[PDB]
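These notes are about the structure you will find just below.
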Amino acid sequence: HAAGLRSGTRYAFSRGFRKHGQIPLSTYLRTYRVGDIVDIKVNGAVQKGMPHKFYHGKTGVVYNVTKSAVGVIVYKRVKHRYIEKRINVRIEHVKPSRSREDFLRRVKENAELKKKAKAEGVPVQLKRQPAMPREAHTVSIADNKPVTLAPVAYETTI
Amino acid sequence: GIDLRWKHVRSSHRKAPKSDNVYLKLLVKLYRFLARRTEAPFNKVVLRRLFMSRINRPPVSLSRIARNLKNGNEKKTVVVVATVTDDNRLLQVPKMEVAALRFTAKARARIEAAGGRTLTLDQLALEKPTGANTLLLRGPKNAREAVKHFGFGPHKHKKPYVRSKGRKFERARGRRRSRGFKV
Amino acid sequence: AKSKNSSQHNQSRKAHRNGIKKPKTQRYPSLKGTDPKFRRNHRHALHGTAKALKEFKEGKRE
Amino acid sequence: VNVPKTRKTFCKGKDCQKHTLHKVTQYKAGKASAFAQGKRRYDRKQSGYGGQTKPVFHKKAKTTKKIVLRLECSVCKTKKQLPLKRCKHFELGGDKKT
Amino acid sequence: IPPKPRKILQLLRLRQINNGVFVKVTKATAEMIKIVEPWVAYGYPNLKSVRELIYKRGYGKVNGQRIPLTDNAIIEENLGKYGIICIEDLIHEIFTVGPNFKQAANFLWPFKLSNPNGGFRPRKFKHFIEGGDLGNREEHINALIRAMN
Amino acid sequence: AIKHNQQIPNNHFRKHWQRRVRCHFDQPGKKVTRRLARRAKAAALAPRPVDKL
RNA sequence: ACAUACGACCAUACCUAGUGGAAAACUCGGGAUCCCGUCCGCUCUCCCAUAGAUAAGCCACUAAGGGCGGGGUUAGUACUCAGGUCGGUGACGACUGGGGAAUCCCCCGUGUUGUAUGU
RNA sequence: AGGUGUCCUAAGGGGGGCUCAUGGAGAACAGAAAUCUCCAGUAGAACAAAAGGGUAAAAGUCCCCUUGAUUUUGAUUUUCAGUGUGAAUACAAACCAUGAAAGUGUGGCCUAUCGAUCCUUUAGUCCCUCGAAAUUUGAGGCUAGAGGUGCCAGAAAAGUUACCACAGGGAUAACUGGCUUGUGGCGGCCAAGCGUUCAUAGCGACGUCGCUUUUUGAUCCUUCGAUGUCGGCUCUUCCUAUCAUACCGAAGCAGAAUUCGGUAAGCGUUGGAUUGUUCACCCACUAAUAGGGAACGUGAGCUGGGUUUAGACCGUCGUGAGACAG
RNA sequence: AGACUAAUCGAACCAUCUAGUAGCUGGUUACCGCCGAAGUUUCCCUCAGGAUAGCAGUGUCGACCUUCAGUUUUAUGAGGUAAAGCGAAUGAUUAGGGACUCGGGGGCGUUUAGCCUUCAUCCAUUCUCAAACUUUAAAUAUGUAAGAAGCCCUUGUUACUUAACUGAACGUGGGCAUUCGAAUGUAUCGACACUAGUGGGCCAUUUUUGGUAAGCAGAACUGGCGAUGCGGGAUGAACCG
RNA sequence: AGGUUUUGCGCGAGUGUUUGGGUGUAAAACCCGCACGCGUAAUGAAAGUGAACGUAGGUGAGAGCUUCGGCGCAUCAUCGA
Ligand SMILES: [Mg+2]
Ligand SMILES: [Mg+2]
Ligand SMILES: [Mg+2]
Ligand SMILES: [Mg+2]
Ligand SMILES: [Mg+2]
Ligand SMILES: [Mg+2]
Ligand SMILES: [Mg+2]
Ligand SMILES: [Mg+2]
Ligand SMILES: [Mg+2]
Ligand SMILES: [Mg+2]
Ligand SMILES: [Mg+2]
Ligand SMILES: [Mg+2]
Ligand SMILES: [Mg+2]
Ligand SMILES: [Mg+2]
Ligand SMILES: [Mg+2]
Ligand SMILES: [Mg+2]
Ligand SMILES: [Mg+2]
Ligand SMILES: [Mg+2]
Ligand SMILES: [Mg+2]
Ligand SMILES: [Mg+2]
Ligand SMILES: [Mg+2]
Ligand SMILES: [Mg+2]
Ligand SMILES: [Mg+2]
Ligand SMILES: [Mg+2]
Ligand SMILES: [Mg+2]
Ligand SMILES: [Mg+2]
Ligand SMILES: [Mg+2]
Ligand SMILES: [Mg+2]
Ligand SMILES: [Mg+2]
Ligand SMILES: [Mg+2]
Ligand SMILES: [Mg+2]
Ligand SMILES: [Mg+2]
Ligand SMILES: [Mg+2]
Ligand SMILES: [Mg+2]
Ligand SMILES: [Mg+2]
Ligand SMILES: [Mg+2]
Ligand SMILES: [Mg+2]
Ligand SMILES: [Mg+2]
Ligand SMILES: [Mg+2]
Ligand SMILES: [Mg+2]
Ligand SMILES: [Mg+2]
Ligand SMILES: [Mg+2]
Ligand SMILES: [Mg+2]
Ligand SMILES: [Mg+2]
Ligand SMILES: [Mg+2]
Ligand SMILES: [Mg+2]
Ligand SMILES: [Mg+2]
Ligand SMILES: [Mg+2]
Ligand SMILES: [Mg+2]
Ligand SMILES: [Mg+2]
Ligand SMILES: [Mg+2]
Ligand SMILES: [Mg+2]
Ligand SMILES: [Mg+2]
Ligand SMILES: [Mg+2]
Ligand SMILES: [Mg+2]
Ligand SMILES: [Mg+2]
Ligand SMILES: [Mg+2]
Ligand SMILES: [Mg+2]
Ligand SMILES: [Mg+2]
Ligand SMILES: [Mg+2]
Ligand SMILES: [Mg+2]
Ligand SMILES: [Mg+2]
Ligand SMILES: [Mg+2]
Ligand SMILES: [Mg+2]
Ligand SMILES: [Mg+2]
Ligand SMILES: [Mg+2]
Ligand SMILES: [Mg+2]
Ligand SMILES: [Mg+2]
Ligand SMILES: [Mg+2]
Ligand SMILES: [Mg+2]
Ligand SMILES: [Mg+2]
Ligand SMILES: [Mg+2]
Ligand SMILES: [Mg+2]
Ligand SMILES: [Mg+2]
Ligand SMILES: [Mg+2]
Ligand SMILES: [Mg+2]
Ligand SMILES: [Mg+2]
Ligand SMILES: [Mg+2]
């Protein structure tokens, strides 16, 4: 048996059905800054700057920006500890991450909520709550007569 | 069963000095009473440092005291729970009031000759029972030959254990590219 | 004689005994591996910023 | 493996510091000297009784060697060595394919 | 016990058999309870159950120690900043799930109940629906609390 | 067999060193003998100094 | 709204067949000295914008069109996580607390849009 | 199921023009296949080599120019101890290639294609040392490669022992036992067909379900500070899958002699030639000469014919010492 | 005859080197208290042994910092297993139909596109499949985030970048909270030092691979026994409690 | 005997009397000093060279003090000299 660099990447590194050929150029048109959070997804058509198969499907933080690639910090679990790994990835294997979009939209929503609450004199709720049990309510059967169901007898269908 | 990860976990800090010094025992009793009967965190810190081993009480030099006496600390009383040593490199000793566990002969002589004052910790407890207007100083804990050896390993630039220094002692194969690899 | 070849049976429990240590993050990361041109410029940018900050206290008054 | 008789590449010569033309030859190990310190020590150790005092390699496994190109600069005669990969048959200045 | 249910029981503070806790029903807590279903019996307590649990087996966590609730001074000292100054206040907060339910429930040391006075069902490690005692028995936990308390 | 971070041991005890151990329990007795010899030679050199210039 | 140039998504845009196309644009078009390139001015390159034509490209519409896309149905089915001193000789199955697909088949649709200059 | 120890001055680098496998129509020789033309043609071709990814105005193919397969030292990734080695990724110093550019290029589109210390040999400079002081030879250092360890983190290495020895191992074989039952043995269900006629008196294909541990395998759980290892003799008891004997039922049962089956282990199951035998086969008697277990029953019961240490011979094998389930 | 050489012979006896070496066998001496394993990683002429990491103890120290988590929720990525499919590619495979004009062969009334036939091709259908097939595609499990090292405004530094103060990075100054921006817990957070034993494991659910099978051999996750008593399963290392 | 880490002591930029000498109630105790060892400076194979721009630097933390404005130990991360 073998332990080469791209062992077991038959499907992960492959391009999807009817997804071959030309690479969209918005990938190259994107810009990245140090501290940005990016998702790593290996493009099989770009053999330069390929990250190892472990980092495929991982999310990290950009720590270095270069001509055609970014340095990403990932944390890899080995034995009983976490190791900080730094990988140089070409842009084609890097996608900006929505892993923080909810928080980044909540921070500004909370800012406007705070200023509006201060203006209006009544505090509002800034922190999200988990789904709560449903409240009491009344269901009218007017024009919604219940339909009585019974278990069906067994019969063969072949 | 109760399903606990930890049971009978002992505190990891010293509760008393391992020393058998009778005067240190008296000092510990005094500062136990002070730390119990006062609100000052200074007394508790001093009491805890009175338990510490010698490597946990590195010496403080007159030059180290002079560094911290600057920028509005000239009239504060310097408190060092350790030995205060002299420094040849400091030619002019500033006027200072220092309370320390002990002083070297040269340090005490130079402090007194510069118009300063030397105190013991019980004298400090008498004059400043709450540690008001005090500057509490610690010596360099890691400035020690043994610490230079700690954590030796590849790409860690620590000091190896060698019987001698020279070209024939740990300098080939594992330390340069001309001998296979470097570290 | 033959024996067992390999096993990961107890490794997860051994790893979790004292926790999986994740190195704590710091405010200022190491600039190791950063673009050397950027590092060379950043050195002098920091030099100038510190100089300007000192002149601000000494009379520049930005 | 066919390599040309000449190639122009970076020259480390103090006057060049520049891509210059170099003549290419195959490096050949020089004849072993009898007055190298290792040879002297080996002869001294082998003298007397005791038999063979050092190991003698037998378990040869390689069928090839790494070919080294000796490059001589055309302007200052500065020499440079370029190792190549293992190959069974090597020639320099051979006829090009069509 | 598998490690995930073990961790969830530790977070629910059910570290010992016949331990009992009050939980405010949300999605986050309901999912954890669903995971640890093979180890717990839970349900909907009534006022009698809450009152008797607090009065008989009421202990507060004071400075990391399990202190019996024999006086209103303890409750005022440890929960007075939340408007809870008496055992009836504590009972009201728990029963009505007030704004300080988290603080009240965490102040309450996990209840240490006895085995039920009438015993369990013939096989107690099935779901209540199957005829056992595990899972959600809804209002029927009041009889279990009356036997176990 | 090294097992930890140790200074490499080089204790030269691979010969039969116990056969040539030199203790010095006779240090005070030898000092006494030396003092006696000095006193005797000083007495012999009665008015002269005990040494040469 | 239509056309052109540069695009974005990359078939709702592809493929086949038929019908029609204001204005301008685009196109086919004409010539081979120069620049340039071919076996051949086919392509590429240059010069003309006169003439001819929307025949083709292009655009639009059509087709119980193939494909594609969306939805339903398949189906709470297949499967699967956890549980029992459950059933069954077994193969395997049912139940409890949860999650939950994919064909065939049926229905609908056949591009959206940015910048700039124009009609 | 396979692959590697190679191979390439291009099969490396840059740029440009083109579009492949195949199919349908056509054109003298010419046809199934030679060349020419058109139309379809998502890659069904090609890309050194295994397989898997990847690639269409290319990563294929042809053409033009070249040597980024260059110099310097770091950082990072995989195998990982986050050590080597092999590989690999992004950027800096330089000065080069190519395209009008933008840009690309630090060997092979990606995943394999390889090697420490010591020694040796090269390449590198107003470089260092030969320690009383100089010059010239010589030698030794510093930096970078090469000569190789394929048991590939890298000893310098032929047999035999039946004359054998020691420390151990039931971590590990040969004999009992244990699990299993392929195989061996013994049954059942089905019933094409045989049986003159008739599937089922009696046989019985293809298939299929089992049982047994009197075969042999498979495993290595017990025993290697030892459980005496074949057979025979002697002796007791047990099993039934019954050879004979008792009583019954069926026939392709007239009688006779047989055959099949049921209840049945109460009672018996022999004397000899050859062979150590087991097993077997003959001679003969008999109602019959059935099959098995009991640590493959039974060695402080025997015996020692077999296996069989040391002596010895032969054949084959070996240079030989010696080997042989001969 | 490897026979005999003082009961000693495939190299006698005596003394010494010598307490020769042994990764191997055996043994290793009072009590109580607290904590408490491993049979796994990498390298080794390594496979009955070592080193290395892990698991463990002890000693501390640090603000024990308001953080930490074998957990849930919410938001957002990755995957190619179970299932499904083959009138979808590749490959395997059962059956008939419709025509072609011929496409091969063979004929009947010969350049007669004459009229037949037997296969082949094509076509729209059909039965059944894949560890090294796939258009689809779960469950379980997995990466990241949920603030103060944040957010908003203004303008300072640079030798980098841009046509340019225009960006990049790091900041100065000012402001936020009538609420530090899910849940639950916190019955413990972090750093350091030195070192023990271990490096033969075995059993079980689910998923399995080889095998006819095995109380067989080999793996993934988790829990156990080893190291553990007690009630139950009569009897038992692992089962139930 | 040598090494290492951690305890407790003495002194501390020094430290160590006991090779030796003096002395003695005589293997004790007491006293003395030149040298020497280790430390105070590293780096390079070597020739050799050899450690302050700053109040011994800037940023973020940081116990404890604070005149309540900040001063900031140890230590950690970081950019510099
Ligand atoms: Mg208890
Ligand atoms: Mg490293
Ligand atoms: Mg060399
Ligand atoms: Mg060398
Ligand atoms: Mg073995
Ligand atoms: Mg093992
Ligand atoms: Mg620990
Ligand atoms: Mg030479
Ligand atoms: Mg000789
Ligand atoms: Mg009763
Ligand atoms: Mg019961
Ligand atoms: Mg000896
Ligand atoms: Mg193979
Ligand atoms: Mg190529
Ligand atoms: Mg080329
Ligand atoms: Mg090219
Ligand atoms: Mg091209
Ligand atoms: Mg392909
Ligand atoms: Mg050129
Ligand atoms: Mg590596
Ligand atoms: Mg490459
Ligand atoms: Mg470049
Ligand atoms: Mg080499
Ligand atoms: Mg060699
Ligand atoms: Mg040399
Ligand atoms: Mg000289
Ligand atoms: Mg060699
Ligand atoms: Mg090896
Ligand atoms: Mg065994
Ligand atoms: Mg059988
Ligand atoms: Mg029959
Ligand atoms: Mg058997
Ligand atoms: Mg056995
Ligand atoms: Mg035995
Ligand atoms: Mg025995
Ligand atoms: Mg016996
Ligand atoms: Mg016999
Ligand atoms: Mg019978
Ligand atoms: Mg019968
Ligand atoms: Mg009988
Ligand atoms: Mg038997
Ligand atoms: Mg027997
Ligand atoms: Mg017997
Ligand atoms: Mg016997
Ligand atoms: Mg016998
Ligand atoms: Mg015999
Ligand atoms: Mg014999
Ligand atoms: Mg024989
Ligand atoms: Mg013989
Ligand atoms: Mg004798
Ligand atoms: Mg004899
Ligand atoms: Mg002899
Ligand atoms: Mg003897
Ligand atoms: Mg314990
Ligand atoms: Mg080796
Ligand atoms: Mg053993
Ligand atoms: Mg699949
Ligand atoms: Mg797979
Ligand atoms: Mg399947
Ligand atoms: Mg198919
Ligand atoms: Mg097919
Ligand atoms: Mg599959
Ligand atoms: Mg998913
Ligand atoms: Mg997720
Ligand atoms: Mg260890
Ligand atoms: Mg090992
Ligand atoms: Mg170890
Ligand atoms: Mg074992
Ligand atoms: Mg097993
Ligand atoms: Mg086994
Ligand atoms: Mg054991
Ligand atoms: Mg137990
Ligand atoms: Mg029991
Ligand atoms: Mg058993
Ligand atoms: Mg010692
Ligand atoms: Mg000295
Ligand atoms: Mg020096
Ligand atoms: Mg503070």
Side-chain angles (χ1 to χ4, degrees), chain A residues 3-6 10-11 13-14 17 39 44-45 47 49 52 57-59 66 69 79 83 86-88 98-100 102-103 107 110-111 118 123 126-128 130, chain B residues 4 8 12 18-19 41-42 45 53 70-73 85 104 134-138 141 154 167 173 178 180-181, chain C residues 1 3 7 10-11 14 16-17 26-28 32-33 35-38 41-42 44-46 48-50 52-53 62, chain D residues 2-4 7 9-10 12 18-19 27 29-30 32 36 38 55-56 58 61 66 68 79-81 83, chain E residues 2-4 7-8 11 26-28 31-32 37-38 126-127 129-130, chain F residues 7 11 28-29:
Chain A
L5 191 76
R6 280 181 58 163
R10 173 170 177 167
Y11 301 108
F13 282 20
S14 81
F17 182 71
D39 293 343
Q47 295 85 36
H52 183 250
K58 301 294 186 288
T59 296
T66 37
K79 299 296 183 181
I83 304 179
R86 283 172 189 224
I87 56 172
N88 300 311
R98 303 171 65 198
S99 64
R100 257 198 152 207
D102 197 75
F103 166 69
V107 49
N110 288 171
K118 180 151 305 314
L126 291 202
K127 186 200 306 186
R128 325 147 289 202
Chain B
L4 302 170
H8 301 110
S12 59
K18 293 179 179 179
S19 175
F42 172 83
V45 175
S53 66
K70 303 173 179 183
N71 302 153
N73 279 199
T85 59
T104 68
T134 51
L135 175 66
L136 186 66
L137 290 187
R138 266 193 285 205
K141 179 175 163 61
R167 66 175 187 88
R173 194 212 183 288
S178 70
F181 61 95
Chain C
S3 60
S7 184
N10 203 223
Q11 306 319 296
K14 293 207 309 174
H16 280 97
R17 264 311 268 258
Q26 306 276 33
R27 168 131 179 194
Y28 295 110
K32 142 202 148 187
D35 170 54
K37 220 159 78 180
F38 173 85
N41 174 57
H42 184 69
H44 306 311
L46 270 206
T49 281
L53 266 175
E62 66 187 31
Chain D
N2 186 216
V3 317
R7 71 177 276 188
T9 192
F10 192 83
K12 296 178 67 175
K18 158 204 310 177
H19 262 61
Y27 154 84
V56 178
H58 299 300
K66 287 180 187 185
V68 178
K79 293 148 195 72
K80 177 67 182 172
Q81 283 174 331
Chain E
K4 171 177 292 196
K7 180 65 167 182
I8 293 178
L11 292 176
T26 70
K27 185 78 185 291
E31 293 307 312
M32 295 165 58
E37 225 150 69
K126 314 175 173 184
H127 198 281
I129 287 156
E130 302 174 87
Chain F
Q7 181 190 297
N11 295 307

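Convention: sequence-line order gives letters A, B, ...; per-chain numbering from 1. Excluded from the calculations below are hydrogen atoms, water molecules and symmetry mates; all remaining heavy atoms, backbone and side chain alike, are included.
Between the OH atom of A/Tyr11 and the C1' atom of H/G54 there is a distance of 16 Å, rounded to whole Å. The interatomic distance linking F/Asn11 (CG) with J/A1 (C1') rounds to 6 Å, in whole Å. What separates NE2 of A/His52 from P of H/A87 is a distance of 17 Å, to the nearest Å. Residue A/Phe13 contributes atom CZ, which lies 18 Å from atom P of H/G52 at whole-angstrom precision. Rounded to a whole Å, the NZ atom of D/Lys12 is 10 Å from the P atom of H/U125. Residue C/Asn10 contributes atom CG, which lies 14 Å from atom P of I/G201 at whole-angstrom precision. D/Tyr27 has its OH atom 14 Å from the P atom of H/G145, to the nearest Å. The CG-P distance, from A/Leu126 to I/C176, rounds to 16 Å in whole Å.
With the nearest nucleotide of RNA chain H identified for both A/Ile83 and A/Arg86, A/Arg86 has the one nearer the 5' end.
Annotated as anti: H/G52, whose glycosidic dihedral deviates from 0 by more than 90°. J/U19: glycosidic angle beyond 90° from 0, hence anti. J/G14: glycosidic angle beyond 90° from 0, hence anti.
Taking every side-chain heavy atom of B/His8 into account, I/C35 is the closest of H/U121, I/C35, I/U134. Closest to the side chain of A/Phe17, from the set I/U135, I/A145, H/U55, is I/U135. Ranking I/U40, I/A177, I/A146 by closeness to the A/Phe103 side chain, first place goes to I/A146. The A/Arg6 side chain lies nearest to H/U111 when the options are H/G154, H/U111, H/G124. Checking J/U55, H/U71, H/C110 against every side-chain atom of D/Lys80, the shortest atom distance belongs to H/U71. Considering only side-chain atoms of E/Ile129, the nucleotide from J/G60, G/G97, I/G80 that sits closest is G/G97.
Nucleotides I/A139 and I/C129, compared at atom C1', are 26 Å apart to the nearest Å. Across the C1' atoms, I/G79 and I/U157 are found 48 Å apart, a figure rounded to whole Å. A distance of about 30 Å separates the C1' atoms of I/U40 and H/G150, rounded to the whole Å. Comparing the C1' positions of H/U214 and H/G184 gives a spacing of 11 Å, expressed to the nearest Å. Rounded to the nearest Å, the gap between the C1' atom of H/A287 and that of H/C243 is 10 Å. Comparing H/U298 with H/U215, their P atoms are spaced 16 Å from each other, to the whole Å. Only the P atoms considered, H/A294 is 37 Å distant from H/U258, to the nearest whole Å. Between J/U59 and J/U43, the two P atoms lie 32 Å apart (nearest whole Å).
Using a 4.0 Å heavy-atom cutoff across all strands shown, A/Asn110 reaches at least one base atom of the nucleic acid. Across all strands, D/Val68 comes closer than 4.0 Å only to sugar-phosphate atoms, never to a base (heavy-atom distances). Contacts of D/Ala29 with the nucleic acid, taken as non-hydrogen atoms under 4.0 Å apart, involve only primed sugar atoms and P, OP1 or OP2.
Dashed line: the shortest gap from a side-chain N or O of A/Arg10 to OP1 or OP2 of I/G79 is not under 4.0 Å. For the pair C/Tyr28 and J/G80, the criterion of a side-chain N or O lying under 4.0 Å from OP1 or OP2 is not met. Taking only side-chain nitrogens and oxygens, C/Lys32 comes nearer than 4.0 Å to OP1 or OP2 of H/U76. Taking 4.0 angstrom as the limit, B/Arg138 places none of its side-chain polar atoms (N or O) nearer than this to OP1 or OP2 of J/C65.
Taken together, I/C55 and I/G197 constitute a Watson-Crick or G-U wobble pair, since both relevant N/O distances lie under 3.5 Å. Taken together, G/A53 and G/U27 constitute a Watson-Crick or G-U wobble pair, since both relevant N/O distances lie under 3.5 Å. Residues H/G297 and H/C235 show canonical Watson-Crick or G-U wobble pairing, with both defining distances under 3.5 Å. Applying the 3.5 Å cutoff to both bonds, H/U136 and H/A102 do not register as a Watson-Crick or G-U wobble pair. Pairing check for H/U307 against H/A273: the Watson-Crick or wobble criterion is not satisfied at the 3.5 Å limit. Under a 3.5 Å limit on both donor-acceptor distances, the bases of J/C53 and J/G16 fail the Watson-Crick or G-U wobble criterion.
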Anything under 3.5 Å between a protein N or O and an N or O of nucleotides 65-68 of chain H, put it in a table, one pair a line.
unit_1, atom_1, unit_2, atom_2, d
H/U67, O2', D/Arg7, NE, 3.3
H/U67, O2', D/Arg7, NH2, 3.2
H/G68, OP1, D/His19, NE2, 2.8
H/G68, OP2, D/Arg7, NH2, 2.5
H/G68, OP2, D/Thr9, OG1, 2.6

Heteroatom pairs (N/O) under 3.5 angstrom, protein to nucleotides 68-76 of chain I:
unit_1, atom_1, unit_2, atom_2, d
I/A69, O3', E/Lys7, NZ, 3.3
I/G70, OP1, E/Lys7, NZ, 3.0
I/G70, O4', C/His16, NE2, 3.1
I/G70, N2, C/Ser12, OG, 2.8
I/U72, OP1, E/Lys4, NZ, 2.7
I/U72, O2', E/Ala28, O, 2.5
I/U74, OP1, E/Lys27, NZ, 3.4
I/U76, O3', A/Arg98, NH1, 3.3

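Pairing for H/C186 is with H/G210, a Watson-Crick or G-U wobble pair whose two hydrogen-bonding atom distances lie under 3.5 Å.
Under the rule of centres below 5.5 angstrom and planes below 30 degrees, the bases of I/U111 and I/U112 are not stacked. Judged by ring centres closer than 5.5 Å and planes tilted by less than 30°, the bases of I/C31 and I/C32 are stacked on each other. The six-membered base rings of I/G197 and I/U198 sit with centres under 5.5 Å apart and planes under 30 degrees, so these neighbours stack. Stacking between H/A254 and H/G255 holds, as the six-membered ring centres sit under 5.5 Å apart and the ring planes differ by under 30°. For the consecutive pair I/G233/I/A234, the pyrimidine-type rings do not sit with centres less than 5.5 Å apart and planes less than 30° apart, so they do not qualify as a stack.
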In B/S/- notation, 5' to 3', how is nucleotides 153-161 of chain I contacted by protein heavy atoms closer than 4.0 Å?
---BBBBBS

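Sugar conformation, H/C260: north. The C1'-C2'-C3'-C4' torsion carries a positive sign. A positive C1'-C2'-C3'-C4' torsion places the sugar of I/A120 in the north, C3'-endo-side range. The pentose of G/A63 belongs to the south class of puckers. Its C1'-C2'-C3'-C4' angle has a negative sign. Judged by the sign of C1'-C2'-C3'-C4', the sugar at H/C151 is south, the angle being negative. A negative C1'-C2'-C3'-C4' dihedral is found for the sugar of H/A295, placing it in the south range.
For E/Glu130 against G/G83, a side-chain N or O and a base N or O form a donor-acceptor pair under 3.5 Å. You'll find a donor-acceptor pair under 3.5 Å spanning the side chain of A/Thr59 and the base of I/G143, going by distance alone. Between the base of H/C142 and the side chain of B/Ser178 there is no donor-acceptor pair shorter than 3.5 Å.
Closest approach of C/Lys32 and A/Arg86 over heavy atoms only: O-NH1, 2.9 Å.
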